[PDB]
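Ideal geometry is used to build each Cβ from the backbone, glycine not excepted, and the neighbour counts take in all protein chains shown. Basis: the model, the stated rules and, where named, an outside source; nothing here is a laboratory result.
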Number of protein chains: 2
Amino acid sequence: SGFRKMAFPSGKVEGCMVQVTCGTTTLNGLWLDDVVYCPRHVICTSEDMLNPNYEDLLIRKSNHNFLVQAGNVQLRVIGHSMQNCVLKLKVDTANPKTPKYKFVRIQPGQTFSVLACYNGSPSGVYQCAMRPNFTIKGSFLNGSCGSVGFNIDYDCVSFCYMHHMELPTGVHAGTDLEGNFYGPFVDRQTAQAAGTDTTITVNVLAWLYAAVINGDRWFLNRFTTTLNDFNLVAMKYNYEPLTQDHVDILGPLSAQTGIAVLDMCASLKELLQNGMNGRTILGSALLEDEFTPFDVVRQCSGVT
Amino acid sequence: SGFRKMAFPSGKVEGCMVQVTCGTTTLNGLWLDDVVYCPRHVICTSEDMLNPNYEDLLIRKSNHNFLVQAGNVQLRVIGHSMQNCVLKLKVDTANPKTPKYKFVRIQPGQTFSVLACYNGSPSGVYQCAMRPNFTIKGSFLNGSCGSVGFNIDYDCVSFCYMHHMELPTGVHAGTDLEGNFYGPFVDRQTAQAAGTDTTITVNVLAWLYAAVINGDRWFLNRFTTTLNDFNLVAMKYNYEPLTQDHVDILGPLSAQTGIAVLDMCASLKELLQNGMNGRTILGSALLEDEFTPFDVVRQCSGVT
Ligand SMILES: O=C(Nc1cncc2ccccc12)[C@@H]1CCOc2ccc(Cl)cc21
Ligand SMILES: O=C(Nc1cncc2ccccc12)[C@@H]1CCOc2ccc(Cl)cc21
């Protein structure tokens, strides 16, 4: 029992982290096989970031300008290329610690673990969600660029995020491992609208099921609702509309607790309309949306 | 910017996890050098747990009865001994992945990372605090026993906790790596009073400083207080009395923000007396006590 904001064990990713320096800029890189992946803004000075022409900036750089260090050992760079907003530095040595891996583009509302790094060294790991507006509320300081987000299924690390930028609002933006930004963001020091965010309804419902499994049941009521009625309330409270696909994903948790999804929706409706009344659910005084139904089943079943 | 419940990178600890089986019971062990550490209740059947005489139960066991497996490879056990509530299984091979390590007994109110494991395999990592009542609010299922808590300072892992038991109340109890329980707990299936818990005042103040550093300042007021006045309020709200040692530990955060510790105490006093009024601090609708002043400075400075 107990329910925590649990991250995946970071060991497989720690073995991939390297430092990349270009000129006066240093950030993190991800070394998989014989390629080092890093944010393309490593080639920029602070002045270049206002309106960078990355193609022109990269032309002034050669293999020997990218200093890649894995721990205390230097890697020899034999090729470089830009793919969207990432640089791919071909090295002469395959990382002996490369785990089984995949590059995936996650959907908004899904979760992942972040291994925050500085100078190629891991500092910490935390779990988070990709917001419906394609930002992440991470914990990142200057030098954290190139730190990655990932999920692990048995021995396979699915890399989904590479950190690039902190918006003036304090939220974070980044790319998939092919260098494509999540959201409308561009790698430039210019104010950028993140756009309206919403609460991940399916995740709040998953977390209410986690609460029931772990003993917190005070919010269960004698009511039910329909998808249409629930969605009128979701609209009012800036929650994502619940769909039958979301109900279907919640099936395993509904079977485990015996609480029909629409009955749990009615509990969520009452909580949205009345608040918590000074009470807590799983140690939180607000409705948590950073656990997917898969996360709840995994944490409550002990998948390794 | 951003502030998360960040755990230490778990890689160094992942390399130490093994499975230990004795008879029909399987749990996790920690392999450091040529010794495997695990909870002594591995020698018990479910029936034995009501009132176990561990000395007698261990006498019926020989080296060959403890099956230790690191991944898919079996370790040869050449010695066994009980130290308090842990078993130390001497193996013929030193763990090649042993990090630099220390065994430490943490104080109540300090924090640490937990690598939850099942069958010697890591499932997740999370951060938590040792409660003032010596319990931890973890996330542990059956088979998680032997999972460890730790802190990391550069290359040294300081192991502080080994998981042993879940109390009927859903909270967790365990030992230091010398097998001494934190708190009054005994390794027996008997109802056990955890005793009154309190809120870790110095940690809430540290987290309020983290909030100010990360932009959340709405709770700052025009007031100040004294240690005596603040402690009258702390008494009423079941908070630990604040001492000059706590004020001294908060020095670095007071210097970083320019907010005197007693002025931050007055903000905490107002929050305790008035509540949050539907507002949030660092994404939380309650006062967080699981970040120490050291955690706040580390996370806000990027120590690797
Ligand atoms: O955001 C950036 N770095 C950081 C990333 N995450 C957390 C940070 C916290 C504090 C300071 C810097 C942080 C860089 C520097 C600013 O100009 C830009 C503009 C665009 C891009 Cl892609 C990156 C950057
Ligand atoms: O608590 C124990 N195991 C667990 C530990 N953590 C989370 C659990 C969640 C669900 C079921 C078991 C869990 C064992 C089994 C019960 O009897 C005892 C009594 C004493 C001791 Cl030291 C251990 C144990």
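Any chance you could count how many residues in segment A:34-75 are of a type in the set (D, E, K, R) and in contact with a strand residue (DSSP E or B) (Cβ under 9 Å, 6 or more places away or on another chain)?
4
Got at least one residue in segment B:114-125 being part of a loop (DSSP other than H, G, I, E, B) and in contact with a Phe, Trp or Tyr (Cβ under 8 Å, 6 or more places away or on another chain)?
Looking for residues that are part of a loop (DSSP other than H, G, I, E, B) and in contact with a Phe, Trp or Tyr (Cβ under 8 Å, 6 or more places away or on another chain), one finds none in segment B:114-125, hence no.
Could you check segment B:112-148 and list, in sequence order, the residues that are of a type in the set (S, T, Y), more than 13 Å from ligand 2 (Cβ to nearest atom) and within 11 Å of the chain's Cα centre (by Cα)?
B:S113, B:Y126
(1) without any contact (Cβ under 8 Å) to a residue 12 or more places away in the chain; (2) within 14 Å of ligand 1 (Cβ to nearest atom): which one isn't true of A:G11, the others all being true?
Against the list (1) without any contact (Cβ under 8 Å) to a residue 12 or more places away in the chain; (2) within 14 Å of ligand 1 (Cβ to nearest atom), A:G11 comes up short only on (2).
In the set B:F103, B:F112, B:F134, which member is in contact with an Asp or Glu (Cβ under 8 Å, 6 or more places away or on another chain) and either assigned by CATH to the domain that holds B:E178 or in contact (Cβ under 8 Å) with a residue 40 or more places away in the chain (or both)?
B:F103
Checking the condition assigned by CATH to the domain that holds A:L27 and surrounded by 11 or more Cβ atoms within 10 Å (Cβ to Cβ), which residue from A:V77, A:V73 passes?
Of A:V77, A:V73, the one residue that is assigned by CATH to the domain that holds A:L27 and surrounded by 11 or more Cβ atoms within 10 Å (Cβ to Cβ) is A:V77.
Mind telling me which of the residues B:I200, B:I213 ends up being within 16 Å of ligand 1 (Cβ to nearest atom) and either under 27 Å from B:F103 (Cβ atoms) or surrounded by fewer than 20 Cβ atoms within 10 Å (Cβ to Cβ) (or both)?
Only one candidate qualifies: B:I213.
Can you name every residue in segment B:269-295 that is aliphatic (A, V, I, L, M) and more than 25 Å from the chain's Cα centre (by Cα)?
B:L271, B:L272, B:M276
Which helices (runs of 4 or more DSSP H) does segment B:199-300 wholly contain that include 2 or more residues that are of a type in the set (S, T, Y) and more than 12 Å from chain A (Cβ to nearest Cβ)?
Per the criteria, B:201-213, B:251-257.
I'm trying to understand the selection: among the residues of segment A:152-197, which are within 11 Å of ligand 1 (Cβ to nearest atom), of a type in the set (S, T, N, Q) and within 12 Å of chain B (Cβ to nearest Cβ)?
Passing the criteria: none in range.
Which residues, taken from segment A:140-151, are near ligand 1 (Cβ under 9 Å from one of its atoms) and either of a type in the set (S, T, N, Q) or more than 26 Å from A:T199 (Cβ to Cβ) (or both)?
A:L141, A:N142, A:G143, A:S144, A:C145, A:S147
Identify the residue in segment B:112-145 that is aromatic (F, W, Y) and more than 12 Å from every other protein chain (Cβ to nearest Cβ) and, among all such residues, is surrounded by the most Cβ atoms within 10 Å (Cβ to Cβ).
My answer is B:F112.
List pairs: first residue in segment B:163-188 and within 23 Å of B:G120 (Cα to Cα), second residue within 16 Å of ligand 1 (Cβ to nearest atom) anywhere in the structure, Cβ distance under 9 angstrom, at least six positions apart or on different chains.
none
Give segment A:1-44 a look and list any residue that's of a type in the set (S, T, Y) and crowded, with 22+ Cβ neighbours inside 10 Å, or say none.
Within segment A:1-44, A:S10, A:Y37 meet the criteria.
Looking at A:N151 and the list (1) under 30 Å from A:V261 (Cα atoms); (2) outside any strand (DSSP E or B), which single condition is not satisfied?
(2)
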